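S.K.: Data file my_file.pdb (PDB, C-alpha atoms (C1' of nucleotides) and all ligand atoms) is appended below.
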ATOM      1  CA  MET A   1      33.443   0.561  32.397  1.00  0.00           C
ATOM      2  CA  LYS A   2      34.921  -2.812  31.404  1.00  0.00           C
ATOM      3  CA  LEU A   3      31.617  -4.537  32.221  1.00  0.00           C
ATOM      4  CA  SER A   4      29.189  -3.033  29.708  1.00  0.00           C
ATOM      5  CA  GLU A   5      30.944  -4.175  26.544  1.00  0.00           C
ATOM      6  CA  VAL A   6      31.061  -7.617  28.149  1.00  0.00           C
ATOM      7  CA  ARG A   7      27.855  -8.031  30.191  1.00  0.00           C
ATOM      8  CA  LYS A   8      25.841  -6.678  27.258  1.00  0.00           C
ATOM      9  CA  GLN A   9      27.061  -9.294  24.804  1.00  0.00           C
ATOM     10  CA  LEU A  10      27.133 -11.739  27.701  1.00  0.00           C
ATOM     11  CA  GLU A  11      23.361 -11.607  27.416  1.00  0.00           C
ATOM     12  CA  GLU A  12      23.742 -11.435  23.643  1.00  0.00           C
ATOM     13  CA  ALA A  13      25.512 -14.751  24.229  1.00  0.00           C
ATOM     14  CA  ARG A  14      22.021 -16.018  23.466  1.00  0.00           C
ATOM     15  CA  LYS A  15      23.213 -17.789  20.318  1.00  0.00           C
ATOM     16  CA  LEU A  16      23.545 -20.988  22.335  1.00  0.00           C
ATOM     17  CA  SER A  17      23.369 -19.078  25.583  1.00  0.00           C
ATOM     18  CA  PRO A  18      23.067 -21.257  28.672  1.00  0.00           C
ATOM     19  CA  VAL A  19      25.199 -23.973  27.099  1.00  0.00           C
ATOM     20  CA  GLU A  20      27.812 -21.594  25.695  1.00  0.00           C
ATOM     21  CA  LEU A  21      27.683 -19.866  29.073  1.00  0.00           C
ATOM     22  CA  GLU A  22      28.637 -23.088  30.810  1.00  0.00           C
ATOM     23  CA  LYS A  23      31.473 -23.647  28.345  1.00  0.00           C
ATOM     24  CA  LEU A  24      32.494 -20.024  28.809  1.00  0.00           C
ATOM     25  CA  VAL A  25      32.308 -20.199  32.593  1.00  0.00           C
ATOM     26  CA  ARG A  26      34.799 -23.061  32.513  1.00  0.00           C
ATOM     27  CA  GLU A  27      37.421 -21.401  30.361  1.00  0.00           C
ATOM     28  CA  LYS A  28      37.070 -18.434  32.694  1.00  0.00           C
ATOM     29  CA  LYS A  29      37.634 -20.824  35.600  1.00  0.00           C
ATOM     30  CA  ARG A  30      40.693 -22.439  34.057  1.00  0.00           C
ATOM     31  CA  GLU A  31      42.228 -19.028  33.423  1.00  0.00           C
ATOM     32  CA  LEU A  32      41.614 -18.348  37.106  1.00  0.00           C
ATOM     33  CA  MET A  33      43.526 -21.409  38.252  1.00  0.00           C
ATOM     34  CA  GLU A  34      46.393 -20.601  35.898  1.00  0.00           C
ATOM     35  CA  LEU A  35      46.344 -17.212  37.593  1.00  0.00           C
ATOM     36  CA  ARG A  36      46.306 -18.370  41.202  1.00  0.00           C
ATOM     37  CA  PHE A  37      48.952 -20.887  40.170  1.00  0.00           C
ATOM     38  CA  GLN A  38      51.216 -18.211  38.728  1.00  0.00           C
ATOM     39  CA  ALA A  39      50.418 -16.012  41.712  1.00  0.00           C
ATOM     40  CA  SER A  40      51.310 -18.990  43.871  1.00  0.00           C
ATOM     41  CA  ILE A  41      54.821 -19.368  42.462  1.00  0.00           C
ATOM     42  CA  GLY A  42      55.439 -15.709  43.285  1.00  0.00           C
ATOM     43  CA  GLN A  43      56.502 -13.105  40.727  1.00  0.00           C
ATOM     44  CA  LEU A  44      54.251 -14.202  37.868  1.00  0.00           C
ATOM     45  CA  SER A  45      50.952 -12.478  38.581  1.00  0.00           C
ATOM     46  CA  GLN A  46      49.740  -8.900  39.061  1.00  0.00           C
ATOM     47  CA  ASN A  47      46.666  -8.764  41.305  1.00  0.00           C
ATOM     48  CA  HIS A  48      43.508  -7.433  39.702  1.00  0.00           C
ATOM     49  CA  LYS A  49      43.750 -10.126  37.039  1.00  0.00           C
ATOM     50  CA  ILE A  50      42.194 -12.516  39.585  1.00  0.00           C
ATOM     51  CA  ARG A  51      39.702 -10.051  41.076  1.00  0.00           C
ATOM     52  CA  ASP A  52      38.334  -9.036  37.689  1.00  0.00           C
ATOM     53  CA  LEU A  53      38.351 -12.643  36.550  1.00  0.00           C
ATOM     54  CA  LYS A  54      36.347 -13.627  39.631  1.00  0.00           C
ATOM     55  CA  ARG A  55      33.672 -10.936  39.460  1.00  0.00           C
ATOM     56  CA  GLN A  56      33.450 -11.572  35.735  1.00  0.00           C
ATOM     57  CA  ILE A  57      32.518 -15.211  36.328  1.00  0.00           C
ATOM     58  CA  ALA A  58      29.920 -14.004  38.845  1.00  0.00           C
ATOM     59  CA  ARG A  59      27.840 -12.016  36.378  1.00  0.00           C
ATOM     60  CA  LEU A  60      28.937 -14.383  33.634  1.00  0.00           C
ATOM     61  CA  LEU A  61      27.315 -16.845  35.994  1.00  0.00           C
ATOM     62  CA  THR A  62      23.857 -15.408  35.361  1.00  0.00           C
TER      63      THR A  62
ATOM     64  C1'   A B   1      94.190  20.069 139.215  1.00  0.00           C
ATOM     65  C1'   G B   2      89.775  22.721 136.076  1.00  0.00           C
ATOM     66  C1'   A B   3      86.810  24.017 132.282  1.00  0.00           C
ATOM     67  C1'   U B   4      84.722  23.646 127.645  1.00  0.00           C
ATOM     68  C1'   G B   5      85.541  22.413 121.601  1.00  0.00           C
ATOM     69  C1'   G B   6      85.478  18.767 117.118  1.00  0.00           C
ATOM     70  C1'   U B   7      84.128  13.714 115.090  1.00  0.00           C
ATOM     71  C1'   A B   8      78.189  11.236 112.378  1.00  0.00           C
ATOM     72  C1'   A B   9      78.503   4.681 111.441  1.00  0.00           C
ATOM     73  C1'   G B  10      73.711   6.178 111.055  1.00  0.00           C
ATOM     74  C1'   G B  11      69.317   8.771 112.508  1.00  0.00           C
ATOM     75  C1'   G B  12      65.685  13.047 112.894  1.00  0.00           C
ATOM     76  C1'   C B  13      62.931  17.855 111.262  1.00  0.00           C
ATOM     77  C1'   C B  14      63.078  21.511 107.204  1.00  0.00           C
ATOM     78  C1'   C B  15      64.175  23.015 101.855  1.00  0.00           C
ATOM     79  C1'   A B  16      65.032  21.970  96.717  1.00  0.00           C
ATOM     80  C1'   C B  17      64.826  18.728  92.561  1.00  0.00           C
ATOM     81  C1'   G B  18      63.455  13.978  90.914  1.00  0.00           C
ATOM     82  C1'   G B  19      61.356   8.711  90.736  1.00  0.00           C
ATOM     83  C1'   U B  20      57.087   5.926  91.624  1.00  0.00           C
ATOM     84  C1'   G B  21      51.761   6.246  91.545  1.00  0.00           C
ATOM     85  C1'   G B  22      47.237   7.930  88.880  1.00  0.00           C
ATOM     86  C1'   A B  23      43.891  11.307  92.467  1.00  0.00           C
ATOM     87  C1'   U B  24      41.865  16.331  90.706  1.00  0.00           C
ATOM     88  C1'   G B  25      40.136  19.489  86.594  1.00  0.00           C
ATOM     89  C1'   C B  26      38.842  19.483  81.565  1.00  0.00           C
ATOM     90  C1'   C B  27      37.209  16.222  77.841  1.00  0.00           C
ATOM     91  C1'   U B  28      33.367  12.118  75.462  1.00  0.00           C
ATOM     92  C1'   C B  29      32.882   7.429  70.686  1.00  0.00           C
ATOM     93  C1'   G B  30      29.135   5.572  75.537  1.00  0.00           C
ATOM     94  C1'   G B  31      25.449   5.173  79.239  1.00  0.00           C
ATOM     95  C1'   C B  32      20.592   6.751  81.744  1.00  0.00           C
ATOM     96  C1'   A B  33      15.504   8.645  82.025  1.00  0.00           C
ATOM     97  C1'   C B  34      11.235  10.359  79.726  1.00  0.00           C
ATOM     98  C1'   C B  35       8.365  11.178  75.338  1.00  0.00           C
ATOM     99  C1'   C B  36       7.053  10.241  70.264  1.00  0.00           C
ATOM    100  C1'   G B  37       7.454   6.918  66.491  1.00  0.00           C
ATOM    101  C1'   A B  38       7.336   2.113  65.176  1.00  0.00           C
ATOM    102  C1'   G B  39       6.194  -3.205  66.319  1.00  0.00           C
ATOM    103  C1'   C B  40       6.502  -9.429  64.643  1.00  0.00           C
ATOM    104  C1'   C B  41      10.249 -13.190  62.017  1.00  0.00           C
ATOM    105  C1'   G B  42      10.018 -18.739  60.331  1.00  0.00           C
ATOM    106  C1'   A B  43       9.654 -25.135  55.904  1.00  0.00           C
ATOM    107  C1'   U B  44      10.300 -19.575  49.987  1.00  0.00           C
ATOM    108  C1'   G B  45      14.392 -22.843  56.135  1.00  0.00           C
ATOM    109  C1'   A B  46      13.808 -18.015  61.179  1.00  0.00           C
ATOM    110  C1'   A B  47      16.610 -16.620  65.746  1.00  0.00           C
ATOM    111  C1'   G B  48      21.343 -17.840  66.436  1.00  0.00           C
ATOM    112  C1'   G B  49      25.784 -20.256  64.877  1.00  0.00           C
ATOM    113  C1'   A B  50      30.041 -23.403  62.461  1.00  0.00           C
ATOM    114  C1'   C B  51      33.660 -23.404  58.357  1.00  0.00           C
ATOM    115  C1'   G B  52      35.039 -20.601  54.757  1.00  0.00           C
ATOM    116  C1'   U B  53      35.835 -15.805  51.637  1.00  0.00           C
ATOM    117  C1'   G B  54      40.977 -10.609  50.146  1.00  0.00           C
ATOM    118  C1'   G B  55      47.196 -11.121  45.312  1.00  0.00           C
ATOM    119  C1'   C B  56      50.164 -10.701  50.665  1.00  0.00           C
ATOM    120  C1'   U B  57      44.937 -11.439  55.971  1.00  0.00           C
ATOM    121  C1'   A B  58      46.137 -12.202  62.865  1.00  0.00           C
ATOM    122  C1'   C B  59      41.722  -9.883  64.320  1.00  0.00           C
ATOM    123  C1'   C B  60      37.186  -6.929  63.523  1.00  0.00           C
ATOM    124  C1'   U B  61      33.538  -5.897  59.640  1.00  0.00           C
ATOM    125  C1'   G B  62      31.165  -7.590  55.162  1.00  0.00           C
ATOM    126  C1'   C B  63      30.021 -11.651  52.299  1.00  0.00           C
ATOM    127  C1'   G B  64      29.000 -16.959  51.071  1.00  0.00           C
ATOM    128  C1'   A B  65      32.138 -21.548  46.686  1.00  0.00           C
ATOM    129  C1'   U B  66      29.015 -16.015  41.843  1.00  0.00           C
ATOM    130  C1'   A B  67      31.971 -15.510  48.928  1.00  0.00           C
ATOM    131  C1'   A B  68      34.896  -7.088  51.551  1.00  0.00           C
ATOM    132  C1'   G B  69      30.826  -9.397  46.592  1.00  0.00           C
ATOM    133  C1'   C B  70      26.582 -10.301  40.963  1.00  0.00           C
ATOM    134  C1'   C B  71      22.136  -7.883  38.372  1.00  0.00           C
ATOM    135  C1'   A B  72      18.648  -3.905  37.759  1.00  0.00           C
ATOM    136  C1'   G B  73      15.827   0.784  39.264  1.00  0.00           C
ATOM    137  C1'   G B  74      16.487   5.332  42.086  1.00  0.00           C
ATOM    138  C1'   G B  75      19.604   8.820  44.588  1.00  0.00           C
ATOM    139  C1'   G B  76      24.194  11.476  44.094  1.00  0.00           C
ATOM    140  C1'   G B  77      28.387  14.338  41.130  1.00  0.00           C
ATOM    141  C1'   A B  78      34.666  13.433  42.316  1.00  0.00           C
ATOM    142  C1'   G B  79      36.642  10.578  43.923  1.00  0.00           C
ATOM    143  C1'   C B  80      37.251   4.878  44.934  1.00  0.00           C
ATOM    144  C1'   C B  81      39.370  -0.773  46.000  1.00  0.00           C
ATOM    145  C1'   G B  82      36.138  -1.489  54.839  1.00  0.00           C
ATOM    146  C1'   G B  83      38.768  -0.709  59.920  1.00  0.00           C
TER     147        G B  83
HETATM  148 MG    MG A 101      29.829  -3.366  38.728  1.00  0.00          MG
HETATM  149 MG    MG A 102      95.019  20.624 132.691  1.00  0.00          MG
HETATM  150 MG    MG A 103      86.802  25.619 122.805  1.00  0.00          MG
HETATM  151 MG    MG A 104      74.531  13.864 110.066  1.00  0.00          MG
HETATM  152 MG    MG A 105      79.601   7.778 105.494  1.00  0.00          MG
HETATM  153 MG    MG A 106      76.351   8.824 105.977  1.00  0.00          MG
HETATM  154 MG    MG A 107      66.151  17.561  87.891  1.00  0.00          MG
HETATM  155 MG    MG A 108      57.795  14.667  94.407  1.00  0.00          MG
HETATM  156 MG    MG A 109      56.337  13.966  90.635  1.00  0.00          MG
HETATM  157 MG    MG A 110      25.368   7.145  72.830  1.00  0.00          MG
HETATM  158 MG    MG A 111       5.022 -18.997  56.785  1.00  0.00          MG
HETATM  159 MG    MG A 112      21.753 -15.682  60.205  1.00  0.00          MG
HETATM  160 MG    MG A 113      35.217 -13.291  58.718  1.00  0.00          MG
HETATM  161 MG    MG A 114      26.083  -5.993  50.390  1.00  0.00          MG
END
Now, as a test, write the supplied structure out as structure tokens.
M.R.:
Amino acid sequence: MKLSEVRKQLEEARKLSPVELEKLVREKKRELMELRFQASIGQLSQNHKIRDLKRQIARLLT
RNA sequence: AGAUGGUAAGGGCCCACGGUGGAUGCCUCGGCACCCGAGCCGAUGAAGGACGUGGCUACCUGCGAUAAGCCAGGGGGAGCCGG
């Protein structure tokens, strides 16, 4: 389900949409690096975090 | 004075049981022929590729930095994150 709650308001992100969507896409991309960094060091990441964070940015990126 | 036994280093034929080898039978995811259908793609970048892409990924498959995937419509009704 996750998606709906998000993707719905992701469109609703039409307050300052495209611009806020760029800003948003970045924070989502920084959180990703932090993740692959912590996953890099070994015990400090638990999988799906990255997958879900990726696919999020993909629709987020629309 | 004479006469004729035994020995098998090894060999040979036969029997039994194995080793090696992959014939024979059965099998079939594939192939073959015919018939019917269907018949163009490309600068809106084709055909075909290269390098990438998974939390751990050698290869195959998929995909393309939104990267085994994103959106929506339809199908479907308990399982799902390919091999
Ligand atoms: Mg989805
Ligand atoms: Mg005598
Ligand atoms: Mg005698
Ligand atoms: Mg003998
Ligand atoms: Mg002897
Ligand atoms: Mg002997
Ligand atoms: Mg025996
Ligand atoms: Mg034999
Ligand atoms: Mg034999
Ligand atoms: Mg066949
Ligand atoms: Mg043309
Ligand atoms: Mg191609
Ligand atoms: Mg590949
Ligand atoms: Mg697909």
S.K.: Show me which residues are within 12 Å of ligand MG 102 (chain A) counting all atoms listed in the file, and format the list as a list in words.
M.R.: residues 1, 2, 3 and 4 of chain B
S.K.: What are the residues of chain A lining chain B at 6 Å or less? Count only C-alpha atoms (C1' of nucleotides), and put the answer as an MDAnalysis selection string.
M.R.: chainID A and resid 47 58:59
S.K.: Give me a file of those residues, with C-alpha atoms, as an mmCIF file, keeping the file's coordinate frame.
M.R.:
data_model
loop_
_atom_site.group_PDB
_atom_site.id
_atom_site.type_symbol
_atom_site.label_atom_id
_atom_site.label_comp_id
_atom_site.auth_asym_id
_atom_site.auth_seq_id
_atom_site.Cartn_x
_atom_site.Cartn_y
_atom_site.Cartn_z
ATOM 1 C CA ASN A 47 46.666 -8.764 41.305
ATOM 2 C CA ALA A 58 29.920 -14.004 38.845
ATOM 3 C CA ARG A 59 27.840 -12.016 36.378
#
S.K.: Mind telling me what the PyMOL selection byres (((not hetatm)) within 10 of (chain A and resi 108)) catches here, as JSON, numbers by chain?
M.R.: {"B": [17, 18, 19, 20]}
S.K.: Could you report the residues within 10 Å of ligand MG 114 (chain A), using only C-alpha atoms (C1' of nucleotides) and all ligand atoms, as a PDB file with C-alpha atoms (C1' of nucleotides), keeping the file's coordinate frame?
M.R.:
ATOM      1  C1'   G B  62      31.165  -7.590  55.162  1.00  0.00           C
ATOM      2  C1'   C B  63      30.021 -11.651  52.299  1.00  0.00           C
ATOM      3  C1'   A B  68      34.896  -7.088  51.551  1.00  0.00           C
ATOM      4  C1'   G B  69      30.826  -9.397  46.592  1.00  0.00           C
TER       5        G B  69
END
S.K.: Please report the interatomic distance between atom CA of residue A:27 and atom CA of residue A:52 in Å with one decimal.
M.R.: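 So the answer is 14.4 Å.
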S.K.: Please identify the residues whose atoms come within 12 Å of ligand MG 112 (chain A), using all atoms listed in the file, and report them as a list in words.
M.R.: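 Counting all atoms listed in the file, the residues within 12 Å of ligand MG 112 (chain A) come out as residues 41, 45, 46, 47, 48, 49, 50 and 64 of chain B.
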S.K.: Quick one: distance from atom CA of residue A:21 to atom CA of residue A:46 in Å, one decimal?
M.R.: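 So the answer is 26.6 Å.
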S.K.: What separation in Å, quoted to one decimal, exists between atom CA of residue A:28 and atom CA of residue A:9?
M.R.: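 Between atom CA of residue A:28 and atom CA of residue A:9 the gap is 15.7 Å.
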S.K.: Within 8 Å of ligand MG 106 (chain A), counting only C-alpha atoms (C1' of nucleotides) and all ligand atoms, which protein or nucleic acid residues do you find, written as a PyMOL selection string?
M.R.: chain B and resi 8-10
S.K.: Which residues, protein or nucleic acid, reach to within 12 Å of (49.7, -12.9, 38.9) in the file's coordinates when using only C-alpha atoms (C1' of nucleotides), and can you give that as a list in words?
M.R.: residues 31, 32, 33, 34, 35, 36, 37, 38, 39, 40, 41, 42, 43, 44, 45, 46, 47, 48, 49, 50, 51 and 53 of chain A; 55 and 56 of chain B
S.K.: First collect every listed atom of stretch 6-23 of chain B; then fit an axis-aligned box around them, widen it by 3 Å on each side, and give centre and edge lengths in Å to one decimal, as JSON.
M.R.:
{"center_x": 64.7, "center_y": 13.8, "center_z": 103.0, "size_x": 47.6, "size_y": 24.3, "size_z": 34.2}
S.K.: Translate the PyMOL selection byres (((chain A and resi 10) around 10) and not hetatm) into a concrete residue list for this structure, as a PDB file with C-alpha atoms, in the frame of the given file.
M.R.:
ATOM      1  CA  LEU A   3      31.617  -4.537  32.221  1.00  0.00           C
ATOM      2  CA  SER A   4      29.189  -3.033  29.708  1.00  0.00           C
ATOM      3  CA  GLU A   5      30.944  -4.175  26.544  1.00  0.00           C
ATOM      4  CA  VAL A   6      31.061  -7.617  28.149  1.00  0.00           C
ATOM      5  CA  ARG A   7      27.855  -8.031  30.191  1.00  0.00           C
ATOM      6  CA  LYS A   8      25.841  -6.678  27.258  1.00  0.00           C
ATOM      7  CA  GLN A   9      27.061  -9.294  24.804  1.00  0.00           C
ATOM      8  CA  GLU A  11      23.361 -11.607  27.416  1.00  0.00           C
ATOM      9  CA  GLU A  12      23.742 -11.435  23.643  1.00  0.00           C
ATOM     10  CA  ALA A  13      25.512 -14.751  24.229  1.00  0.00           C
ATOM     11  CA  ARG A  14      22.021 -16.018  23.466  1.00  0.00           C
ATOM     12  CA  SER A  17      23.369 -19.078  25.583  1.00  0.00           C
ATOM     13  CA  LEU A  21      27.683 -19.866  29.073  1.00  0.00           C
ATOM     14  CA  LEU A  24      32.494 -20.024  28.809  1.00  0.00           C
ATOM     15  CA  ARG A  59      27.840 -12.016  36.378  1.00  0.00           C
ATOM     16  CA  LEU A  60      28.937 -14.383  33.634  1.00  0.00           C
ATOM     17  CA  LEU A  61      27.315 -16.845  35.994  1.00  0.00           C
ATOM     18  CA  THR A  62      23.857 -15.408  35.361  1.00  0.00           C
TER      19      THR A  62
END
S.K.: List all protein, DNA and RNA residues that have an atom no more than 8 Å from any atom of ligand MG 110 (chain A), counting only C-alpha atoms (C1' of nucleotides) and all ligand atoms, and report them as a PyMOL selection string.
M.R.: chain B and resi 29-31
S.K.: For the selection you just gave me, I'd like the residues written to a file as a PDB file, in the coordinates of the input, keeping C-alpha atoms (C1' of nucleotides).
M.R.:
ATOM      1  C1'   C B  29      32.882   7.429  70.686  1.00  0.00           C
ATOM      2  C1'   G B  30      29.135   5.572  75.537  1.00  0.00           C
ATOM      3  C1'   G B  31      25.449   5.173  79.239  1.00  0.00           C
TER       4        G B  31
END
S.K.: Taking (33.0, -5.9, 60.1) in the file's own coordinates, collect the residues within 8 Å, counting only C-alpha atoms (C1' of nucleotides), and hand them back as a ChimeraX atom specification.
M.R.: /B:60-62,82-83
S.K.: How about completing stretch 47-61 of chain A with N, CA, C and O atoms and giving it to me as a short mmCIF file (atom, residue, chain, number, x, y, z; two decimals), keeping the file's coordinate frame?
M.R.:
data_model
loop_
_atom_site.label_atom_id
_atom_site.label_comp_id
_atom_site.auth_asym_id
_atom_site.auth_seq_id
_atom_site.Cartn_x
_atom_site.Cartn_y
_atom_site.Cartn_z
N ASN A 47 47.91 -9.11 40.63
CA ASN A 47 46.67 -8.76 41.30
C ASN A 47 45.40 -8.78 40.47
O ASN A 47 44.92 -9.84 40.08
N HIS A 48 44.87 -7.59 40.20
CA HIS A 48 43.51 -7.43 39.70
C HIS A 48 43.09 -8.48 38.67
O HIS A 48 41.90 -8.78 38.54
N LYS A 49 44.05 -9.04 37.95
CA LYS A 49 43.75 -10.13 37.04
C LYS A 49 42.76 -11.10 37.67
O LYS A 49 41.72 -11.41 37.09
N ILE A 50 43.06 -11.57 38.88
CA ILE A 50 42.19 -12.52 39.58
C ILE A 50 40.86 -11.90 40.02
O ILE A 50 39.80 -12.50 39.84
N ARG A 51 40.91 -10.70 40.60
CA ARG A 51 39.70 -10.05 41.08
C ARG A 51 38.72 -9.90 39.93
O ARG A 51 37.58 -10.34 40.02
N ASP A 52 39.18 -9.29 38.85
CA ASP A 52 38.33 -9.04 37.69
C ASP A 52 37.85 -10.33 37.06
O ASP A 52 36.74 -10.41 36.55
N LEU A 53 38.71 -11.35 37.11
CA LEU A 53 38.35 -12.64 36.55
C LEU A 53 37.29 -13.33 37.41
O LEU A 53 36.45 -14.08 36.90
N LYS A 54 37.35 -13.10 38.72
CA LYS A 54 36.35 -13.63 39.63
C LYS A 54 35.00 -12.97 39.35
O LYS A 54 34.06 -13.62 38.92
N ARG A 55 34.93 -11.67 39.61
CA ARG A 55 33.67 -10.94 39.46
C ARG A 55 33.08 -11.12 38.07
O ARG A 55 31.86 -11.13 37.90
N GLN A 56 33.94 -11.28 37.07
CA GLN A 56 33.45 -11.57 35.74
C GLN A 56 32.61 -12.84 35.77
O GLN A 56 31.44 -12.83 35.40
N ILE A 57 33.21 -13.93 36.25
CA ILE A 57 32.52 -15.21 36.33
C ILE A 57 31.22 -15.12 37.11
O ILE A 57 30.33 -15.94 36.93
N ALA A 58 31.11 -14.14 38.00
CA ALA A 58 29.92 -14.00 38.84
C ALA A 58 28.71 -13.52 38.06
O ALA A 58 27.63 -14.09 38.16
N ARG A 59 28.89 -12.46 37.28
CA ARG A 59 27.84 -12.02 36.38
C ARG A 59 27.75 -12.98 35.20
O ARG A 59 26.65 -13.37 34.78
N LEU A 60 28.90 -13.39 34.69
CA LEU A 60 28.94 -14.38 33.63
C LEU A 60 28.04 -15.52 34.09
O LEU A 60 27.27 -16.07 33.31
N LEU A 61 28.15 -15.83 35.37
CA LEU A 61 27.32 -16.84 35.99
C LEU A 61 25.92 -16.32 36.28
O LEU A 61 25.46 -16.36 37.42
#
